[PDB]
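Residues 2 to 155, numbered by my numbering, are exactly what the sequence shown covers, in order.
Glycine included, every Cβ here is placed at the ideal spot set by N, Cα and C.
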Amino acid sequence: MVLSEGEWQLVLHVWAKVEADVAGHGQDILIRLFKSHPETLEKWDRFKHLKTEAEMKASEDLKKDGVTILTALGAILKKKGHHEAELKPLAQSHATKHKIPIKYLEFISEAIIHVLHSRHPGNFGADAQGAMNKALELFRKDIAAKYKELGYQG
Ligand code: HEM
C-alpha cells in the first residue's frame, strides 16, 4: 500500500495542529486508549495502578510518555512511508521488551483518530481522516511485518 502526496499532505496538515501542544494531545489520546481498552493499561508498569481519568490527567509520567509516543509517530509520518530506519528500534522494543500486540496498536490508532476528530474538525474532515487511517494502517502493516521478522506473532 502507498499513500499519494495529497494524502500525506492531509496527514501532515492535521499533525501541524497536534504540534501546537503535543503534550495535551498525548494526554487525551492515552486517556482515550486506557478508558476504551482498560486491558492496555496493564502493559505500563508505571501506570497499571491508575484508577481514574483524574489520576491519569495528573500524571506527569503519562504526559511525558504521550509526548514520546506522538513525537516518534510524527517523525514516522514525516518520512511519508520511508520509515524503515524509524521502525526498526520501535518494532524491536515493542515486540521484545514491552510485548505490545498489533491489536493494541490498532486500539491506539483508534484513539488517535477519535481525538483528532474531536479536536480538529477544521483539518480532520472525511478526506483527512481517510488519509490518516491509511497512514496508520501502513505503519501497523510495516510494524507487523517487522514483528514477524523479529520472532513475535503480534
Ligand atoms: C503509535 C504507536 C506507538 C508509538 C509510536 C510508541 C512509541 C514509543 C517510544 C518512542 C517509546 C520509548 C522508546 C522505546 O522503548 O521504544 C515507547 C515506550 C513504551 N511503549 Fe510505546 N508506542 C506506541 C504504542 C504503544 C502502545 C499501544 C503501548 C501499550 C498499550 C505501548 C507501550 C509502551 C511501554 C510500556 C513503553 C516503555 C515505557 C517506559 O519504559 O517507561 N506503546 N513507545
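Does the beta-carbon distance from residue i to residue j come in below 7 Å?
i      : j      : result
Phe140 : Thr41  : no
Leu88  : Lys135 : no
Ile113 : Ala145 : no
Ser94  : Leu137 : no
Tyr153 : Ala96  : yes
Compute the beta-carbon to beta-carbon distance between residue i and residue j, rounded to the nearest angstrom, for a pair I have assumed lies under 8 Å.
i      : j     : result
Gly67  : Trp16 : That pair is no contact at about 15 Å.
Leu31  : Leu63 : 6 Å
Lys142 : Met2  : 7 Å
Quick check: the Cα distance between residue i and residue j, rounded to an integer number of angstroms?
i      : j      : result
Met57  : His14  : 28 Å
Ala59  : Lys49  : 15 Å
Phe125 : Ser5   : 17 Å
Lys98  : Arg120 : 33 Å
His115 : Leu151 : 31 Å
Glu43  : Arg33  : 15 Å
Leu91  : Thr69  : 12 Å
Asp128 : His118 : 12 Å
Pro122 : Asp29  : 16 Å
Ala24  : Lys65  : 7 Å
Report the start-end ranges of each alpha helix (DSSP H) in the region 31-116 that is 4 residues or longer and not cut off at the edges. 54-59, 61-79 and 85-93
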